[PDB]
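In: Below: the sequence, then the experimentally determined structure.
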Amino acid sequence: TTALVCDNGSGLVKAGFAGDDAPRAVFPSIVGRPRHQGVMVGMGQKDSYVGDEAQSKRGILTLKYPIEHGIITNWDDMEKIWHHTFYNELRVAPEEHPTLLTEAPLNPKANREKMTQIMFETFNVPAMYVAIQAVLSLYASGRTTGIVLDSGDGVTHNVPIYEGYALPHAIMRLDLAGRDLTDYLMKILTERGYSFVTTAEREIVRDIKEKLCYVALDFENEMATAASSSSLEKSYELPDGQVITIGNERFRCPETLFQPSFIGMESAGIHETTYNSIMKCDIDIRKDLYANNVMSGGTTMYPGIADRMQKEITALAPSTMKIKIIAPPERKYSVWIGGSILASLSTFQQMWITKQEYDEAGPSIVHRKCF
Amino acid sequence: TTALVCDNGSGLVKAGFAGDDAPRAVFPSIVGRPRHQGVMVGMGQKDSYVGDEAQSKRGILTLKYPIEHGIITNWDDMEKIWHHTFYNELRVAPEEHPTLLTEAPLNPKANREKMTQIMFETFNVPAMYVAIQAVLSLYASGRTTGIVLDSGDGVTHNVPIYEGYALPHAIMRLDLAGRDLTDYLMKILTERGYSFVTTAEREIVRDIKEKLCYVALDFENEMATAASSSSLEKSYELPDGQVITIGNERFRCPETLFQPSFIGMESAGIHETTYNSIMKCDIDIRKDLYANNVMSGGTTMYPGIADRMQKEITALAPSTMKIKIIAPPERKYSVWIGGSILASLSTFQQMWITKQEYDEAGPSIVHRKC
Amino acid sequence: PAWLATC
Amino acid sequence: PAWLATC
Amino acid sequence: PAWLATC
Amino acid sequence: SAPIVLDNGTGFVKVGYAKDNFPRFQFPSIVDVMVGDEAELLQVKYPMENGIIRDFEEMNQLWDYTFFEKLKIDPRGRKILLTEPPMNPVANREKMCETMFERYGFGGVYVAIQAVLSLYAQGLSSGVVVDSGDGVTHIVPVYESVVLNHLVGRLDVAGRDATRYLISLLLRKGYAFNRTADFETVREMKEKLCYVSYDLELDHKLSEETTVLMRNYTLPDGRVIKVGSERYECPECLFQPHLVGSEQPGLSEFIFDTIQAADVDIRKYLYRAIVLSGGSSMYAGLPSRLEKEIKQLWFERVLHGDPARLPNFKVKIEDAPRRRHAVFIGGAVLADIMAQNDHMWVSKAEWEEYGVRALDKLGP
Ligand SMILES: Nc1ncnc2c1ncn2[C@@H]1O[C@H](COP(=O)(O)OP(=O)(O)OP(=O)(O)O)[C@@H](O)[C@H]1O
Ligand SMILES: Nc1ncnc2c1ncn2[C@@H]1O[C@H](COP(=O)(O)OP(=O)(O)O)[C@@H](O)[C@H]1O
Ligand SMILES: Nc1ncnc2c1ncn2[C@@H]1O[C@H](COP(=O)(O)OP(=O)(O)O)[C@@H](O)[C@H]1O
Ligand SMILES: [Mg+2]
Ligand SMILES: [Mg+2]
Ligand SMILES: [Mg+2]
């Protein structure tokens, strides 16, 4: 009767049982459909593909991400991914196991209730609870206060908490994530000369981003050095074999996160919005929030992101106020660790919302029993 | 030998000549600056925009409100707004026109000093003076007794007065007029599905709340009947051509005004602070104020706020005391009408702050004369 | 784009 | 925010 | 074809 | 003493002076040297297959022929502006400016973007422009005389690709033009017998049921060929890139997404003003078909099946007979406007110092 969890992030679904230190299914969340009609008989030729199969045979299948910016867009593709996760990777029937879910803040109540309704009416789950993808990272870190900054492939939000009491009026959210960064990277590569417009090429650009992309303290100094010398030009090979070279783009990409004016957005960066959020709270808790701020989720594994954020927040805040960043190496799976811990806890059991409650009260119950 | 008035609101600004009974030039107090560097050459492009021009063309310009909660924070933008409203909308030279200013009750003395110094130096006017929006809103109706509750765009307050003598130990101020309201409306719209984070979207939300949202009487009963019956869902069109439906947000926004807990504060609603201010006053003026309590300000234009306000104040107040709340039309311009009446009064002329006083005792003279 | 209005 | 300290 | 990679 | 205009294109090249409504000369860039109108047999190059340049030496030969045979001026200082795609790699324009500043003076060029050029030509200050050339097409929005620079769109399927697909179709039918020649004849027959299908299903049923729509076209050698569904099909291969082999949404959906990515307050002003440029846009039935496709895409994505308010859309596409030379007209107008001040240009000086970096003065 052990519980499980499945963080269905916009980048990849992390699904795994509870009471474990690491997940099992780390599989990408993409649905691929064959571009052509297909004529082979008896050798695959399926009408759809999901998971690592798409990433493998991506040169033909047109790809689609079902969820974007954390809101779902294709419920059919979403339930197909859920079926593939539950019946192929985990190899378990959810009828005899609960299912903990995850969602970003300030999301459509319609989306949340539709997720709950489909999970209850399609899989016959006994219970189904949701939560934020930040309190779980906090639990995984093992603290009870501080501010948490998640930068998932779909969204980028920051939330403060003090002794377990959240502050909704201080929560901040932005639609900047790895997809806009990959688009800007493709644009600047076309500027260089290399063209990338398809979906498989988008995945290749995302792999390049995950492989070689950093940040620096003095963006102008780095630009000057890259324009003067060539010590930053790094090489990368492709499946075709024709190697390519990339220059200042590797660090010019995250400047979008640090300067959304590059892509066109008018909102401020992560440092400014974090400072604003902290300022929205009370000073007696700001003093501690400045001392322990944690990073989580993808898009923050870049090397040197800690130093840039530290310098920015220190220049924006008084000097006498000490500041310390928390960016461990186990961040890509921090939300899953938090979900597993919460599912393994004892009291949380009483909070599980079962089937009869939904059947008698409808989906609207999820907006009360949960956050 | 005529006069001039210019009420500088946190959200809007209304200026013109005295004597008249209505304002001449009212427009939003904002500044729009182009964010997308690089334009098509030959056609020419301006550096910054102000007034209705920004609101007319804003998809490319980022907007900035130089005033926040009644306090000034962008003196350059304030000077630009003053120049625009003194040279374009009116086309009058202020060197031969004594002007009049407004200011919330409690504000930085340094802010007032900088305002008067700017108005004296950068314009070379004959004289000037400041006042409180409460006194002018009261002069508008003409009554001299009672309490007045003002609520602009970023600042609100309540002030009593009896036979011309004001009680400074009872004035109350809060920062819940329309800005946190617009923010909470954006939040609830995001909760519903529609996203509004930019400045043009902020103006769109301002317009939709000005046109649709309204306060209720029984918050719980209204929420219940709205969740059960879909008779309150109202549609609104956007500049592009889309249509968006809104339900209980129309109640939740004024409810947030009444219960700042939804915004993250611990202060009490307007009714509680009004009753507290009236309590600190003596008993006779308490009685005389319960009867004549006026509400003004743009935020005050919510349909159904007077009835709910009087209901709450009666429920929390003792009986045998008739509470006749008043809220006449065109109240958002009551400050302008009061300022015009004051400038027209002959006696008030002697209270003008001339240029010699400023040149002699500096700008701090504003306090002594106030 | 997928917010039924803006974005 | 524009009170040189709190808010 | 003449983009030093794709096309 | 006025500047010159030269919008070096994919397969064509048009030249005139700083002020001339209709271009004084226009000739294909096909290629002693035969560069020029002598094509009327030596080797055939076609260097600029797309907005990119490959045989820079052949391009230099072509420019020399144009400046010495079609034109009779060889100056050093006479400003001449240029054109290029929006996101053309910097190397191309760098080499272009380098050769035009070394082999000749041409102090001050200020290369620009065919989108804003055609916009100037039409005498507008807002709207979206969709240029459809021979090797590439692009889409550029503008609002109140301001460029976005972040919603610009590129699409590398037009002209040459449709011609190759028509060749493949005629091959499927039996007729083959494998020779390097006859490419111009196929281009002529395409521009002569082609039209978009307002209703694809209707046109398909007509071609399958009726003998009409089948035309007989002669060739320079003397033989005759028959053309059928290909006529109304090649605009579909233009509309459906997946048919050609590229993974892209198309043209109508492309511009729809590009506009939706903008701010709501601008969207309207873009649906009310839409201009085109390039010979590829002269396909019969293209404007109304695009309008209907945009209307259907809106009806589907936004209203989800609510035709009660569809008439309140107010879409107004624009088209004219001068889209073939809109870029040229705009370049001429801009040259006549900027011929007074030399600061906006890039003189032959300040080149050896930071010449390449001077080219960054245009696009931040
Ligand atoms: N009357 C016509 N109808 C349809 N298509 C035509 C017509 N005339 C020319 N074309 C097409 O237009 C193409 C030539 O385009 P052109 O060279 O004018 O574009 P361009 O201005 O060079 O674009 P760019 O500046 O981006 O290179 C030819 O390949 C031909 O197929
Ligand atoms: N080593 C890395 N360096 C830089 N970026 C990375 C790295 N690993 C993953 N990413 C980025 O993080 C994103 C994954 O986000 P993720 O943390 O899975 O979101 P969620 O928490 O919603 O599942 C990817 O889009 C990718 O671009
Ligand atoms: N009809 C209306 N309904 C609701 N709100 C309104 C209405 N008219 C104005 N407002 C609000 O009132 C605010 C204007 O405040 P205002 O009274 O001008 O402040 P001040 O008195 O400082 O000038 C605006 O921000 C707007 O949101
Ligand atoms: Mg995430
Ligand atoms: Mg006010
Ligand atoms: Mg062209």
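Out: Great, that's in hand. Numbering: from 1, shown residues only, chains lettered A, B, ... in the order given. Ligands and ions are numbered 1, 2, ... in the order given.

In: ok, how many other residues are close to the residue in the stretch 201-350 of chain F that ligand 4 sits nearest to?
Out: Closest residue of the stretch 201-350 of chain F to ligand 4, CB to the ion: residue F:261 (22.5 Å). C-beta: built from backbone N, CA, C; applies to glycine. Number of residues near residue F:261 (other CB atoms under 10 Å in any protein chain shown) recorded here: 16.

In: quick one: it and residue F:152 touch, right?
Out: No - between residue F:261 and residue F:152 there is no contact under CB atoms under 8 Å: 10.8 Å.

In: contacting residues for residue 215?
Out: With no chain named, the answer covers chain A. A:251, A:254, A:258, A:302, A:303, A:304, A:305, A:308 (CB atoms under 8 Å, 6 or more residues apart in numbering or on different chains).

In: looking at chain F here, not the other one
Out: With CB under 8 Å, 6+ apart, residue F:215 has these contacts: F:193, F:226, F:227, F:231.

In: Just the closest of those residues to ligand 2, please.
Out: residue F:231 (45.5 Å; CB to the nearest ligand atom).

In: Next, that closest one: secondary structure please.
Out: Of the three states, residue F:231 takes helix under DSSP: H, G, I helix; E, B strand; the rest coil.

In: so how far is chain E from it?
Out: Distance, residue F:231 to chain E, using CB to the nearest CB, to the nearest Å: 28 Å.

In: what secondary structure does the residue of chain A positioned farthest from its centre sit in?
Out: The outermost residue of chain A, judged against the average C-alpha position, is residue A:41 (39.0 Å), by CA atoms, centre = their mean. Look at residue A:41: counting by three-state DSSP, its state is coil.

In: can you check residue A:256 too?
Out: State at residue A:256, reduced to three classes by three-state DSSP: helix.

In: ok, it to residue A:204 distance?
Out: 19 Å (CB to CB, to the nearest Å).

In: quick one: the closest residue to ligand 6 within the stretch 101-250 of chain F from residue B:157, how far?
Out: Closest to ligand 6 within the stretch 101-250 of chain F is residue F:133: 3.9 Å, counting by CB to the ion. For residue F:133, the distance to residue B:157 equals 64 Å [CB to CB].

In: about what we covered before: can you pull the contacts of the residue of the stretch 201-350 of chain F closest to ligand 4?
Out: C:1, F:151.

In: SS state for the closest residue to residue A:265 other than its chain neighbours?
Out: Leaving aside its chain neighbours, residue A:265 sits nearest to residue A:176 (6.9 Å; criterion: CB to CB, 6 or more residues apart in numbering or on different chains). Secondary structure state of residue A:176, per three-state DSSP, is coil.

In: Provide the count of other residues in contact range of residue A:176.
Out: Using other CB under 10 Å: residue A:176 sits among 21 other residues.

In: Equivalent analysis for residue F:75, please.
Out: 14.

In: what sits against the closest residue to it other than its chain neighbours?
Out: Distances taken as CB to CB, 6+ apart place residue F:105 nearest to residue F:75, at 6.5 Å, with adjacent residues excluded. For residue F:105, the contact set (CB under 8 Å, 6+ apart) comprises F:75, F:76, F:77, F:78, F:348.

In: Give me the distance between residue F:105 and residue F:343.
Out: Counting by CB to CB - residue F:105 and residue F:343 are separated by 18 Å.

In: Repeat that for residue A:136.
Out: Residue A:136 sits 58 Å away from residue F:343, going by CB to CB.

In: repeat for residue A:179
Out: Distance of residue A:179 to residue F:343, computed by CB to CB: 41 Å.

In: neighbour count winner among those two?
Out: Legend: neighbour count by other CB under 10 Å for residue A:179 and residue F:343, higher for residue A:179 (19 against 8).

In: Hmm, that one is touching residue A:155, no?
Out: No - judged on CB under 8 Å, residue A:179 makes no contact with residue A:155 at a distance of 10.2 Å.

In: In contact with the most centrally placed residue in chain F: list those residues for me.
Out: Residue closest to the mean C-alpha point of chain F, counted by CA atoms, centre = their mean, is residue F:133 at 2.3 Å. For residue F:133, the contacting residues are F:9, F:10, F:51, F:114, F:158, F:159, F:278, F:279, F:280, by CB under 8 Å, 6+ apart.

In: and if you look at residue F:325?
Out: Counting by CB under 8 Å, 6+ apart, residue F:325 has contacts F:14, F:22, F:23, F:26.

In: Surely the last one is in a strand?
Out: This points to residue F:26. Yes - applying three-state DSSP, one finds residue F:26 inside a strand.

In: wait, it sits on residue F:20?
Out: No - judged on CB under 8 Å, residue F:26 makes no contact with residue F:20 at a distance of 11.7 Å.

In: close to ligand 1, is the helix or strand hosting residue F:289?
Out: For residue F:289, the element it lies in under DSSP states H and E is helix F:286-298. No - using CB under 6 Å from any ligand atom, helix F:286-298 stays clear of ligand 1, with a minimum separation of 9.3 Å.

In: pretty sure residue A:306 is in a strand, no?
Out: No - judged by three-state DSSP, residue A:306 forms no part of a strand; its state is helix.

In: right, and it touches residue A:324 too?
Out: No - counting by CB under 8 Å, residue A:306 stays clear of residue A:324, with 9.8 Å between them.

In: the more surrounded of the two?
Out: residue A:306 (16 against 11).

In: Please report how far that one lies from residue A:300.
Out: Distance from residue A:306 to residue A:300, by CB to CB: 9 Å.

In: Between those two, which contacts overlap?
Out: Joint contacts of residue A:306 and residue A:300 (CB under 8 Å, 6+ apart) are residue A:327.

In: before we move on, back to that, which one among the contacts of residue F:215 gets closest to chain D?
Out: Proximity to chain D was ranked across the contacts of residue F:215 by CB to the nearest CB; first place goes to residue F:231, at 66.4 Å.

In: No further questions, thank you.
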